[PDB]
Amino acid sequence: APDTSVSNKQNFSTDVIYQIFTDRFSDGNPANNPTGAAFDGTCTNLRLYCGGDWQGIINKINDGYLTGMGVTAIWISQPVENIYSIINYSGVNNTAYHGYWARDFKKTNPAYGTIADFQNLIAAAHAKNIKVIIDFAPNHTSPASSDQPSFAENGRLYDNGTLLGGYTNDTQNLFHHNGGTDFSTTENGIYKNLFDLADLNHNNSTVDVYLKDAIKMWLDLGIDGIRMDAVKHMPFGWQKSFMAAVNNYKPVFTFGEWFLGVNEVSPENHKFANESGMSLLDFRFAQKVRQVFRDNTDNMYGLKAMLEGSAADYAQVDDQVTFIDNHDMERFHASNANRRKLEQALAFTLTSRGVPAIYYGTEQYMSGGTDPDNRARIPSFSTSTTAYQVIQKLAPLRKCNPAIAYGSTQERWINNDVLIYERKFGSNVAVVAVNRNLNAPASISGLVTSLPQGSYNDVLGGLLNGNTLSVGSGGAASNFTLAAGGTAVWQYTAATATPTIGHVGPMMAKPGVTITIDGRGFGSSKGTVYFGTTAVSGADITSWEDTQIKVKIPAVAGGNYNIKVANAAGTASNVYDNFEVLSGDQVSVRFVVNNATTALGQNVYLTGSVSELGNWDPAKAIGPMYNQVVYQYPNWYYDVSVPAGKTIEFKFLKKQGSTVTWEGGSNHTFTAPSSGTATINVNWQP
């Protein structure tokens, strides 16, 4: 199939995600609605179950609501079985209507449906070329109290009906008992409870194996993607090993939730997105968008900075999932605000780089503050709104104009309130003009683009006061007036002659695994794929077409490679980098070093004989290690994803800037488990 097919579980860049809060979407089967104090069919009590289910989704899929919008993928609430208890938080009743309070990852939430229902959902969806994404929260179970076992469900963890353990009297050590996080440090938010949620201990073999087994179940059920919840609260090392378990099995586009605040930029966040094996929800983008289009706390210059910065900070910017709001923040639209604001932010998002995600109800101008006010039942399924039409008109572009899905971003005109940017990919161009100023029009002159000479009509058809663009020689646009609150979309598509790689996924895996190379101009005849200098042709290339190539990762040494392709004619393509070839299946191992004294600003790192350990290159050392929660200075610890059943050589090092101090004596050794986890405790050697 082509890069745009619904069958492409490795690339969402051409899709549009519709984020759905199952319980608040549609109740297609009242028979499964919870009862008693846990229910509220009127949906007036936002903390109770309203009755939204999978059947409801199916109907909305079949009735044309989603399809008519141009939506090509859905992200639904965590499908697994949640606690049943009604939690009372200071007189206020609470339910697991959100599906984040897991009790059994191997079962479904009865309120949502049965495995059969789930299966129907996938079928219905696929039948309509819609990809299905599920939310997954392996960080914790549910709210608990070690002292009050009677509270809630004690965060009990069940394995397909079989009780694994609870928060109280946790002799097996399935959970963390270090209190709750204060969000002070990263380490802090990792080995501590998220609020009152029972924090799972991934260092525990039981938990580790269980979790990996569970995801496999869902994979087998045909999901197309995964939304990892609270990745900022789980050991990065473990997560990597989790991604491998996925990628080496049945790879699917995965992106985690690393919450970022206003004006907040995190290097850790960048590093994670670039080396975890999963991408992230583009909070930086979202926050900036709100500032500029919603709260007016920043201008176009800020927007531009964000675009260029992000394009440089993220190895795979096109994999980041963009948005303007979510179930965790105030709804974009304010009951009293000018709608055009929301429409504009929409257009911008839909035409920008990354994977666009729309929170259900947006197209309906839904307003609401923080949780749960931001999760009201969708008031209506009207296709008549302006927002609905914007999406309808812009969504499809991601599928027909590669510039939008894979193109680069370049500012072509800018001022306080105006922004004209260009997306480019091969022989395809897209130009977007935006005037956030709701009262003043702008005079645009000096606009230069990559568009060929000609006349371009606004893709929005004047829906947002857009206009026709006149391009002369040298891509120079004629002088024009950009209406107040104006938004226009112009584009040019054309056949691409030379092979151009637009996307790759998965980005991390072991040899043998088939990867998907998407782009244009690959030719119809099998060419050659390059993993560094290694050539791959023939059989190993399972499928080859103009827009897509499916190839098996050659058995090369574990490491980071650059991917390149050549058409049958010998023409080489651009280079896609940052490809990680694992040394094999992975396991999560905890490294502990004792008596590693250091000075302020000086941290400890880990290095060793495998690519997963940087191969002795201090510049690729693992760390800085931790020393607050689980273990305390001068003791250091860290969870690392290493090759299973491999005899590894390692040493620790002290780093201050780029200055490194090696551990003395001879290398340490150990053989990685074949499955599950392990803990390696050693003493720092002088």
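Start at 1 with the first residue shown and count on from there.
Averaged over CA atoms, B-factors in the entry run higher in 459 to 467 than in the other of 459 to 467 and 356 to 364. In this entry, 674 to 682 shows the higher mean Cα temperature factor of the pair 10 to 18 and 674 to 682. Listed residues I404, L482, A123, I226 were ranked by CA B-factor as deposited; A123 comes out on top. Based on the entry's C-alpha B-factors, the most elevated value among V565, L164, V292, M234 belongs to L164. When the modelled residues of the chain are ordered by their C-alpha B factor, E275 lands in the middle third. Ranked against the other modelled residues of its chain, the C-alpha B-factor of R331 as given in the entry falls in the middle third. Per the deposited record, the Cα B-factor of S641 falls in the lowest third when ranked against the other modelled residues of its chain.
Residue-level temperature factors show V207 in the highest third of its chain, judged at the C-alpha atom. When the modelled residues of the chain are ordered by C-alpha B-factor, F522 sits in the highest third.
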